[PDB]
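Number of protein chains: 2
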Amino acid sequence: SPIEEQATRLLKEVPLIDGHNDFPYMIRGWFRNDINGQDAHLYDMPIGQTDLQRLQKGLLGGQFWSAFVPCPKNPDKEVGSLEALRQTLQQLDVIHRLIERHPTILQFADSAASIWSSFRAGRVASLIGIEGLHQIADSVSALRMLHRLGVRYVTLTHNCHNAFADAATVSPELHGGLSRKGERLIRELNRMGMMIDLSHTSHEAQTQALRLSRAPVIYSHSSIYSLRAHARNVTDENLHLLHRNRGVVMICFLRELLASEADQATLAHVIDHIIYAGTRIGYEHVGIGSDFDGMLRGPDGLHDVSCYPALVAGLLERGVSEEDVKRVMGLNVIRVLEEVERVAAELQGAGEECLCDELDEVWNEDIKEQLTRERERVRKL
Amino acid sequence: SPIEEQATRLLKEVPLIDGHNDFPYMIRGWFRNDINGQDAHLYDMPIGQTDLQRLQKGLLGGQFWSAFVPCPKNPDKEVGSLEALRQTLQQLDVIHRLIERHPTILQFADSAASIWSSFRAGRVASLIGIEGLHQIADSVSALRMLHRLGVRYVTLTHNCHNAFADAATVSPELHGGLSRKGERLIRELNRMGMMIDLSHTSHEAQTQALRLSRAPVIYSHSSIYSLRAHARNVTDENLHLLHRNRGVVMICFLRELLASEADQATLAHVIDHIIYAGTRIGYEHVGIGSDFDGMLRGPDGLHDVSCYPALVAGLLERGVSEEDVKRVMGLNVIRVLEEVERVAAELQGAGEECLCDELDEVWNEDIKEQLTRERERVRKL
Ligand SMILES: [Cl-]
Ligand SMILES: [Cl-]
Ligand SMILES: [Co+2]
Ligand SMILES: [Co+2]
Ligand SMILES: [Co+2]
Ligand SMILES: [Co+2]
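Order-wise, the sequence lines are chains A and B. In terms of our numbering, the first sequence is residues 1 to 381. In terms of our numbering, the second sequence is residues 382 to 762.
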């Protein structure tokens, strides 16, 4: 088919960069992060919507691999929070090991330049994002170390309220948007060059984050509210504030977010959602955020990661121009990551002060007096 | 003085690389890891044995900055262990921020090549080590992420027994050396290219680690047992096994480890300890491991980080050859780090399997059956 040829050509010209895939958590469920001698299974998985053979088949250019861990449910609240931090390092560890053991398919990327160089080599550009600020255990230091480990976006919440922001699916509201800590964290995320992700966050938390952020943000996996009313979807108000923010809404393949009846959801609905956003806020602010392996079943026509060429062909069939399809595929999310890193470079270049942790006093006054007396003794010499 | 001129020349030819300095924990005690607008104090500290002015004055070429956190003392044992992991990320964060905010003085290094390039630029080569396996919270995944954050050695214990090995100063013995986990961790540390540090570990744990390790190890800050009998010092038996291992004993400035009467300890004693080891196991297996800022007061003549030229001159005055002084200064610890990285490269190159964490089952059989049924439905299409 000529349109299938056109879609294949576009997929080779520019990388289709998917906003969210939970294949690392599927590895934790199935293999329990032990992938030694599991290559036959990693290429041909007995479960899920992602494996390395189907990943090649769909001609995907890049991927933000989710380092999701569940919201803490332990009665001991400090233990649950600290457990999430240890589990986060396990998920970052298995993502890095997945990339390093399969260098011909996957190549790690943390920037616009690293995405392109990965794509030129014929590799899937493998980026990392964490799904919720519960994962950092209330530690801004830990968050900066997650950035150093290769994390390039942070979803502000998952399906639980935290110290910083409100989740969409939890009632009642705790903060009614962002907290005072949350507002201060927006500045720190902009300063360090961490891309803000507004999926899973409440409508009010989106509105506040979109006005406050000095860098463009993303929705790593969210759909349109006007087409399908859901707490997880993006309202017209927040779509306009995303336009001002210069951000990108990466459209989700979750069936509950595309249609009221789940079994009726399709590839055509995903394209309706992409076209709606592209029509109203322009095609430079729309992306693709599948949430593959964050669901049991996908829409009809988008059952797994091999189905991306059908989406590219489907967009072209509707009359979306090649240039606008390339934008939706990956150029938009590359631009946001590029602008996030430029905003960080200019804020760091202007000597903006970093957000410190709230640390307890480890020494009493007796320890400090011994230390100051000792220093002055050395000054006398 | 001609010998002072000779010492100054040697300090400019090769980097004096100190094995252990606890200045990052002093920043946590004094500033509480908030160094914003504290440059006047960071250059001229009101306490302690390390600041950025005195660091320049002593002509130090490199430094393994300690990311030490205390052994957990909480009644809730899981919380204490998980707390140590969060505190470790705070200490790694402040070390990286200390280096990044002072690029003219400090430059981060994680290899032999990066140490040299830092030294050629006129910077103190800033490496990182953690003081105890309590810091990883029983997670080998976390340990691999600490390596990715820039940690290049791990002290197996501090002053507490852990799951892997026995500390020197705690009785009774738990494992009587290394545990079965510890033995398995030695292989993993060799595979990843993490330098093993045997300071603070029991005599039996040293003996076992020295026989088992495929890469050379270090004592980041330990002294000689025959000159001064202490649990923390290295016995003749372990000095010989260190020679076979090809490791380096980095001599400590702790007064309790140099003499029975603490106030009688001196620079001359440190040189006696260096010469003892250099005479018996050769000068290619001896180093300098001050433990500055891990003590209130230092020996007479080694009161702070500005006193390194006195040590270099003192070694030359005793009749230690220029070539052997250069070895003790830094060439030996560079060689160990170089060999540790080569052993890792050859073990990784031979496809040796990594040590995985013990992970719990997150899915029941009902979840797994839904996933396998769902996959087979997609295969039918
Ligand atoms: Cl380009
Ligand atoms: Cl050289
Ligand atoms: Co997810
Ligand atoms: Co999600
Ligand atoms: Co220490
Ligand atoms: Co110590």
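Beta carbons are placed, not taken as given, at the ideal position from N, Cα and C, and that holds for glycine.
- [ ] Going by DSSP, name the residue or residues bridged to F119 of chain A.
- [x] DSSP lists no partner for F119 of chain A.
- [ ] Tell me whether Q645 of chain B sits in a helix, a strand or coil according to DSSP, three-state version.
- [x] helix
- [ ] Could you tell me the distance, in whole angstroms, from the CA atom of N414 of chain B to the CA atom of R478 of chain B?
- [x] 9 Å
Task: Alpha carbon of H175 of chain A to alpha carbon of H134 of chain A, nearest angstrom - done: 15 Å
TODO: State buried or exposed for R228 of chain A, treating a residue as buried only when at least 16 other CB atoms are found within 10 Å of its CB.
DONE: buried
Open item on the list: From the DSSP secondary-structure annotation, give me the bridge partner or partners of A506 of chain B.
Closed with: B:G443, B:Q488
TODO: Anything with a beta carbon under 5 Å from a heavy atom of ligand 3 counts; list them all in chain order.
DONE: A:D22, A:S66, A:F68, A:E131, A:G294
TODO: Please decide whether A494 of chain B counts as near chain A, where near means a Cβ-Cβ distance under 9 Å.
DONE: no
TODO: Could you name the residues that DSSP lists as bridge partners for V535 of chain B?
DONE: B:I511, B:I577
Task: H624 of chain B to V693 of chain B span [Cα, whole Å] - done: 23 Å
Open item on the list: Taking 8 Å as the cut-off, is the beta-carbon of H401 of chain B closer than that to any non-hydrogen atom of ligand 6?
Closed with: yes
TODO: Report buried or exposed for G319 of chain A, applying the criterion of at least 16 other Cβ atoms within 10 angstroms of its Cβ.
DONE: exposed
Open item on the list: Between the stretch 57-73 of chain A and the stretch 302-311 of chain A, can you find at least three pairs of beta-carbon atoms closer than 8 Å?
Closed with: Result yes; three or more Cβ-Cβ pairs closer than 8 Å.
Open item on the list: Can you confirm whether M145 of chain A, when its beta carbon is compared against all beta carbons of chain E, has any partner nearer than 9 Å?
Closed with: Any reference to chain E falls outside this structure, whose protein chains are A and B.
Task: Cutoff 9 Å: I186 of chain A Cβ touching any chain B Cβ - done: no
Task: Candidates B:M676, B:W411, B:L397, B:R533, of which the one nearest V505 of chain B by Cα - done: B:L397
Task: At least three beta-carbon pairs within less than 8 Å, the stretch 356-374 of chain A to the stretch 405-423 of chain B - done: Yes, the stretch 356-374 of chain A touches the stretch 405-423 of chain B.
Task: Distance, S141 of chain A Cα to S179 of chain A Cα - done: Take the alpha-carbon of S179 of chain A and the one of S141 of chain A: they are about 19 Å apart.
Open item on the list: I want to check one thing, is the minimum distance from the CB of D357 of chain A to the heavy atoms of ligand 7 below 8 Å?
Closed with: As for ligand 7, it is missing from this structure, which binds only ligand 1, ligand 2, ligand 3, ligand 4, ligand 5 and ligand 6.
- [ ] May I ask whether a heavy atom of ligand 6 can be found less than 8 Å away from the beta carbon of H230 of chain A?
- [x] no
TODO: Answer with yes or no whether the minimum CB distance from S290 of chain A to chain B is below 9 Å.
DONE: With 9 Å as the cut-off, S290 of chain A does not count as an interface residue toward chain B.
- [ ] Confirm, please, whether the CB-CB distance from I99 of chain A to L89 of chain A is below 9 Å.
- [x] no
Open item on the list: From the DSSP secondary-structure annotation, give me the bridge partner or partners of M250 of chain A.
Closed with: A:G287
Open item on the list: I want to see whether chain A comes within less than 9 Å of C735 of chain B, judged by CB atoms only; does it?
Closed with: yes
Task: Below-9 Å beta-carbon distance, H477 of chain B vs any chain A residue - done: yes
Task: Alpha carbon of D705 of chain B to alpha carbon of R152 of chain A, nearest angstrom - done: 47 Å
TODO: Evaluate residue 764 of chain B with the Cβ neighbour count: other Cβ atoms within 10 Å of its Cβ, from every protein chain shown; 16 or more gives buried, anything less gives exposed.
DONE: Any question about residue 764 of chain B goes unanswered here, given that chain B covers just 382 to 762.
TODO: Compute the minimum distance between the beta carbon of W30 of chain A and the heavy atoms of ligand 1, and state whether it is under 8 Å.
DONE: A distance criterion of 8 Å places the beta-carbon of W30 of chain A beyond contact range of ligand 1, judged by its closest non-hydrogen atom.
Open item on the list: Can you confirm whether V79 of chain A, when its beta carbon is compared against all beta carbons of chain B, has any partner nearer than 9 Å?
Closed with: yes
Open item on the list: Let's test the definition: count the other Cβ atoms within 10 Å of the Cβ of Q430 of chain B and tell me whether it reaches 16, buried, or not, exposed.
Closed with: Classified as buried, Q430 of chain B has 16 or more neighbouring CB atoms from the shown chains inside 10 Å of its CB.
- [ ] Decide yes or no for the touch test of the stretch 448-455 of chain B against the stretch 108-117 of chain A: beta carbon pairs closer than 8 Å, at least 3 of them.
- [x] no
Task: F292 of chain A - DSSP class collapsed to helix/strand/coil - done: strand
- [ ] State the DSSP-derived secondary structure class of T201 of chain A, mapped to helix, strand or coil.
- [x] strand
Task: Cβ pair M250 of chain A, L337 of chain A closer than 9 Å - done: no
Open item on the list: Can you tell me whether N332 of chain A is buried or exposed? The criterion is at least 16 other CB atoms within 10 Å of its CB, across all chains shown.
Closed with: Buried, because 16 or more other Cβ atoms sit within 10 Å of the Cβ of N332 of chain A.
Task: Between the CA atoms of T207 of chain A and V234 of chain A - distance to the nearest angstrom - done: Between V234 of chain A and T207 of chain A, the C-alpha separation is close to 10 Å.
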